[PDB]
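Asks: First the structure, then my questions, so here it is.
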Amino acid sequence: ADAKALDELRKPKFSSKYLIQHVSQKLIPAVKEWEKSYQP
Amino acid sequence: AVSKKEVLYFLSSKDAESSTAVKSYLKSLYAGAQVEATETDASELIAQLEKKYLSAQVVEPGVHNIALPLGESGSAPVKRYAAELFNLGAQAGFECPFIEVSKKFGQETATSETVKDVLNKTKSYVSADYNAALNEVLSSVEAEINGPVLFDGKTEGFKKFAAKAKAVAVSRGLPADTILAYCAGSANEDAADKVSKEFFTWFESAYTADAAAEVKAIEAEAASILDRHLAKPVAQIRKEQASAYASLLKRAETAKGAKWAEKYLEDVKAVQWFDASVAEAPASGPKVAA
Amino acid sequence: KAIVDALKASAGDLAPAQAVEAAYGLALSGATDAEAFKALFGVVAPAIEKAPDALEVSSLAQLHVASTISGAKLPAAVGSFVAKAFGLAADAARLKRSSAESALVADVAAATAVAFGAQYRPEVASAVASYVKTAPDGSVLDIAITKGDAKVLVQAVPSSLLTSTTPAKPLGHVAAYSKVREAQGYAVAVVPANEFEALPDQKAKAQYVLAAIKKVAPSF
Amino acid sequence: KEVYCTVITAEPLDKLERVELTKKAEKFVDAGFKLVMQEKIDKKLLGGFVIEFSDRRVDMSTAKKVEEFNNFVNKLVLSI
Numbered sequence: 040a041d042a043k044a045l046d047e048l049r050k051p052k053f054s055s056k057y058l059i060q061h062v063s064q065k066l067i068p069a070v071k072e073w074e075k076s077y078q079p
Numbered sequence: 005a006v007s008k009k010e011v012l013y014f015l016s017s018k019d020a021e022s023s024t025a026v027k028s029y030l031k032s033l034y035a036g037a038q039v040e041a042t043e044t045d046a047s048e049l050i051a052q053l054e055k056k057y058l059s060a061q062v063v064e065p066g067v068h069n070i071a072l073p074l075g076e077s078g079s080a081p082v083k084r085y086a087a088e089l090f091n092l093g094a095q096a097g098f099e100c101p102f103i104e105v106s107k108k109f110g111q112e113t114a115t116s117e118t119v120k121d122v123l124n125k126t127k128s129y130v131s132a133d134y135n136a137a138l139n140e141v142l143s144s145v146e147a148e149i150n151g152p153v154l155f156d157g158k159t160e161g162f163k164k165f166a167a168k169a170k171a172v173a174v175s176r177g178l179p180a181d182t183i184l185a186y187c188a189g190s191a192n193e194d195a196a197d198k199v200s201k202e203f204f205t206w207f208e209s210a211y212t213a214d215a216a217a218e219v220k221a222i223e224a225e226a227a228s229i230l231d232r233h234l235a236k237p238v239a240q241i242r243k244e245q246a247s248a249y250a251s252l253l254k255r256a257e258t259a260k261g262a263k264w265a266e267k268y269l270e271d272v273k274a275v276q277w278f279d280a281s282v283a284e285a286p287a288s289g290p291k292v293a294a
Numbered sequence: 226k227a228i229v230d231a232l233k234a235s236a237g238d239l240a241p242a243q244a245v246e247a248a249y250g251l252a253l254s255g256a257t258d259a260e261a262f263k264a265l266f267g268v269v270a271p272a273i274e275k276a277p278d279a280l281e282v283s284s285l286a287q288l289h290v291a292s293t294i295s296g297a298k299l300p301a302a303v304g305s306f307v308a309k310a311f312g313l314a315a316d317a318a319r320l321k322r323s324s325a326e327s328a329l330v331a332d333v334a335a336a337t338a339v340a341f342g343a344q345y346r347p348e349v350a351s352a353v354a355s356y357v358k359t360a361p362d363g364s365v366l367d368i369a370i371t372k373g374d375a376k377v378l379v380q381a382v383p384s385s386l387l388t389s390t391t392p393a394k395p396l397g398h399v400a401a402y403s404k405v406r407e408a409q410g411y412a413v414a415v416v417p418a419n420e421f422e423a424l425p426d427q428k429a430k431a432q433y434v435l436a437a438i439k440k441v442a443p444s445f
Numbered sequence: 150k151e152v153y154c155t156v157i158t159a160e161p162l163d164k165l166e167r168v169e170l171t172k173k174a175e176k177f178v179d180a181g182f183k184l185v186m187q188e189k190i191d192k193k194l195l196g197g198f199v200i201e202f203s204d205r206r207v208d209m210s211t212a213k214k215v216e217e218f219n220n221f222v223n224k225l226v227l228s229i
């Protein structure tokens, strides 16, 4: 409860980092399969 | 958990919520777990795209831990701020900014054969009053050639352009002869360090003046945001900022099960812990376990 | 050996991060006094068991270099964990590659493909993709060749791992990486880029790499 | 029983770079027709080949791949 930590309190809070991660978890498997199925 | 390509980007990184992901992974390898094989796959397009989206998970918390030097006097808080962004980009895997934008020029214009095409495929990365100032020099040199200047160097018409393209660069304020003699090297290291110590006084005057120009825009944005806000009545401000706090909690509370939104509401509950911990002992601050 | 005389006696005056850098720089310089390495690892290895996460992974990789070159063994839970952490810190230095080390590895992998016989452009590009076998610790080796049971590894060291003076010999950190890869079953032929990119043509660059492999492992 | 065609590449071809090229181009004609060739150089292409059959064109260049890659990535992140 109270008196949390230091390494829990050192993180910047409302940074993105998990929109970038959520895009990177939905862009990378969806573009790894695009390059293995590609003919012009 | 991590997919091991995150945890390799977070090894030399220094921020908090990544190093507690590394310390939790380094404790798991110590407890008899085997390390995943690093995939030697996903050829050049997917490999350089994962670097784009893994370095931005190192840059994005790192930018938020760098205090801006707003309203400060001196050049040392700007040389602190810029050096914190140098050391942040190095933790995210970037090289020197001189090395990284020169890589961006040769990547955009590997197949530019004319100097008017290299001035229009590297248009986004050059200052526009410098890119235009190289178009009066390209149009002046085009008069004595009356043929398109090629991106050769051995062509005499390129040396007629580079006789006057260098004439702008010194007039812009940047010593082009100390830049060009740095990246060419020298024979003896004694006179290679006379050009190294004159490149790095340009470069330190280069990275400061655009870290300072990035600060003076935030100083002028915050002063125009505040002076737009001091003109309001206090009741308008209290309900304008209560709707924006409500609509942005609501955007993170509709998205349920998503990783970013459940981490968003753990930050709201940790902001409220900071206000509740200061409210218990306000001359000491928040309570840390120590 | 006045320096290693102080290190076997005063290794309680060191933090565990300072004793790793003490043992590593001895093993890089060829120190055989294993009673010093018993002293230096007696600071580190008790600290790793109570906190495995207290040392940074770049210093755990410096310990696996120090415990394999000098050969002084570690505790059974530590010495395998420090062996796993060499696979991490060599992979993280591969992901964050300098793009002159990327352009040199792909230049050496081209010059080691034409050395092994590849007369055409579509023959090298399927060969350099076959050299990227994975290490026994999970790492990635860029140029790994196998003939039966004999393995050679080719190492390229650009300028960042070269000494900044005029003879320009590589630093001790690359013999660190080679002597760990040799203890996994490889023969490391170092290719320094002050010498490799001094060559004028690609076939001369193949005459540099093939001379480098046969002076290390003559079976290839 | 021929097909007149033109291959535009970024570099002049090898003896094996040609032999692998026809075998992939042989399934773009609907027969066992011998596409004869024509050879051209265009360094504006970033390697690969583009084959123009004088009624249709197949662009298997990389400089069309790395722009059709970006058009798919920039379309996909505008959803995510």
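Chain order of the listed sequences is T, 4, 2 and P. Counting along the first sequence from 1, when you hit position 8 you're at 47 in the entry's author numbering, and nothing is skipped either side. Counting along the second sequence from 1, when you hit position 68 you're at 72 in the entry's author numbering, and nothing is skipped either side. Counting along the third sequence from 1, when you hit position 194 you're at 419 in the entry's author numbering, and nothing is skipped either side. Counting along the fourth sequence from 1, when you hit position 68 you're at 217 in the entry's author numbering, and nothing is skipped either side. We put the CB at the ideal spot given by N, CA and C, even for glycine.
#1: In angstroms, rounded to a whole number, what distance separates the CA positions of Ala-44 (chain T) and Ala-294 (chain 4)?
#2: Give me the chain T residues within the contact set of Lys-213 (chain P), using Cβ-Cβ distance strictly less than 8 Å, ordered along the chain.
#3: Taking C-alpha atoms, which residue in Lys-55 (chain 4), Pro-65 (chain 4), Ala-173 (chain 4), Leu-53 (chain 4) lies nearest to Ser-131 (chain 4)?
#4: Listed from N- to C-terminal order along the chain, which residues in the stretch 183-211 of chain P have their beta-carbon within a distance smaller than 7 Å of any beta-carbon of chain T?
#5: Who are the near neighbours of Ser-22 (chain 4) in its chain, counting only those whose CB is closer than 6 Å to its CB and skipping five residues on each side?
#6: What separation, rounded to the nearest whole angstrom, lies between the Cα atoms of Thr-293 (chain 2) and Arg-322 (chain 2)?
#7: Distance, Cα to Cα, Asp-156 (chain 4) vs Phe-162 (chain 4)?
#8: Quick check: the Cα distance between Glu-160 (chain 4) and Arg-205 (chain P), rounded to an integer number of angstroms?
#9: Taking the DSSP output, what are the residues bridged to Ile-200 (chain P)?
#10: Nearest to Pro-277 (chain 2) by CA position, among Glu-244 (chain 4), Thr-212 (chain 4), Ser-28 (chain 4), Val-82 (chain 4), is which residue?
#11: Would you check if the distance between the CB atom of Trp-264 (chain 4) and the CB atom of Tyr-57 (chain T) is smaller than 8 Å?
#12: Looking at the secondary structure, which residues open and close the alpha helix (DSSP H) in which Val-122 (chain 4) lies?
#13: Please go through the same chain and pick out, in chain order, the residues whose beta-carbon is closer than 7 Å to the beta-carbon of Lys-9 (chain 4), but skip the five residues on each side of it.
#14: Going by beta-carbon coordinates alone, are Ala-231 (chain 2) and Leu-239 (chain 2) separated by less than 8 Å?
#15: Could you check where the alpha helix (DSSP H) with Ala-248 (chain 4) kicks off and where it finishes?
#16: Of the residues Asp-208 (chain P), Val-215 (chain P), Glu-175 (chain P), which one's Cα is nearest the Cα of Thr-158 (chain P)?
#17: In chain order, what residues of the same chain lie with their CB nearer than 7 Å to the CB of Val-349 (chain 2), ignoring the 5 residues before and after it?
#18: Using a Cβ cut-off of 7 Å, which residues of the stretch 35-58 of chain 4 contact any Cβ in chain 2, in chain order?
#19: Going by beta carbon distance, what residues of the same chain come within less than 8 Å of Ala-442 (chain 2), once the five residues before and after it are set aside?
#20: So, using beta-carbon positions, are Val-353 (chain 2) and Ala-381 (chain 2) closer together than 8 Å?
#21: Within its chain, find whatever has a CB closer than 6 Å to the CB of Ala-215 (chain 4); leave out the 5 residues flanking it on each side and keep chain order.
#22: Using the three-state DSSP reduction, which class does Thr-42 (chain 4) fall into: helix, strand or coil?
#23: Counting along the chain, where does the beta strand (DSSP E) carrying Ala-381 (chain 2) start and finish?
#24: Quick one: what's got a C-beta closer than 8 Å to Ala-221 (chain 4)'s C-beta in the same chain, skipping five residues either side?
#25: Starting from the beta carbon of residue 22 (chain T), find every residue of chain P whose beta carbon is closer than 7 Å, and list them in chain order.
#26: Residues in the same chain with beta-carbon distance under 8 Å from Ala-242 (chain 2), minus the five sequence neighbours each way, listed in chain order, please.
#27: Any C-beta of chain 2 sitting closer than 8 Å to the C-beta of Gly-97 (chain 4)?
#28: Please report the Cβ distance between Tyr-249 (chain 2) and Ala-291 (chain 2), rounded to the nearest whole angstrom; I am assuming they are in contact, meaning their Cβ atoms lie under 8 Å.
#29: Check distances from the C-beta atoms of the stretch 412-424 of chain 2 to those of chain 4 and list, in chain order, the residues that come in under 9 Å.
#30: Would you report the Cα separation of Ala-301 (chain 2) and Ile-438 (chain 2), rounded to the nearest angstrom?
#31: Does any CB atom of chain T fall closer than 8 Å to the CB of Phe-177 (chain P)?
#32: Helix, strand or coil for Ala-414 (chain 2)? Go by DSSP, reduced to three states.
#33: Check whether the Cβ of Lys-164 (chain P) lies closer than 8 Å to any Cβ atom in chain 2.
#34: Do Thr-42 (chain 4) and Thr-359 (chain 2) count as a contact pair if the criterion is CB distance below 8 Å?
#35: Exposed or buried, which one is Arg-176 (chain 4) when buried takes at least 16 other CB atoms within 10 Å?
#36: For the stretch 330-357 of chain 2, which residues have a beta carbon sitting closer than 9 Å to at least one beta carbon of chain P?
Replies: To lay it out plainly:
#1: 7 Å
#2: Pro-79
#3: With distances taken between Cα atoms, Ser-131 (chain 4) lies closest to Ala-173 (chain 4).
#4: Answer in chain order: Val-207, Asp-208, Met-209.
#5: Contacts found: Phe-14.
#6: 25 Å
#7: 7 Å
#8: 41 Å
#9: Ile-200 (chain P) is bridged by DSSP to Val-156 (chain P), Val-207 (chain P).
#10: Among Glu-244 (chain 4), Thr-212 (chain 4), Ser-28 (chain 4), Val-82 (chain 4), the Cα nearest to that of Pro-277 (chain 2) belongs to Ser-28 (chain 4).
#11: It is a contact, given that the beta carbons lie within the stated cut-off.
#12: Note, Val-122 (chain 4): alpha helix (DSSP H), 119-125.
#13: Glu-54, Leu-58
#14: no
#15: 238-258
#16: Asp-208 (chain P)
#17: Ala-335, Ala-338, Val-339, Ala-343
#18: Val-39, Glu-40, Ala-41, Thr-42, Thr-44
#19: Here the set comprises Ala-375, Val-377, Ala-412, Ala-414.
#20: no
#21: The beta carbon of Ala-215 (chain 4) sits closer than 6 Å to those of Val-82, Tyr-85, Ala-86, all from its chain and outside the five residues before and after it, given in chain order.
#22: DSSP places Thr-42 (chain 4) in coil when its eight states are reduced to three.
#23: 375-382
#24: none
#25: Any answer about residue 22 (chain T) is impossible in this case: the structure gives chain T only from 40 up to 79.
#26: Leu-280, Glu-281, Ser-284
#27: yes
#28: 4 Å
#29: none
#30: Between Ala-301 (chain 2) and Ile-438 (chain 2), the C-alpha separation is close to 35 Å.
#31: no
#32: strand
#33: yes
#34: Yes. Within cutoff.
#35: exposed
#36: Result list: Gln-344, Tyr-345, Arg-346, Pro-347, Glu-348.
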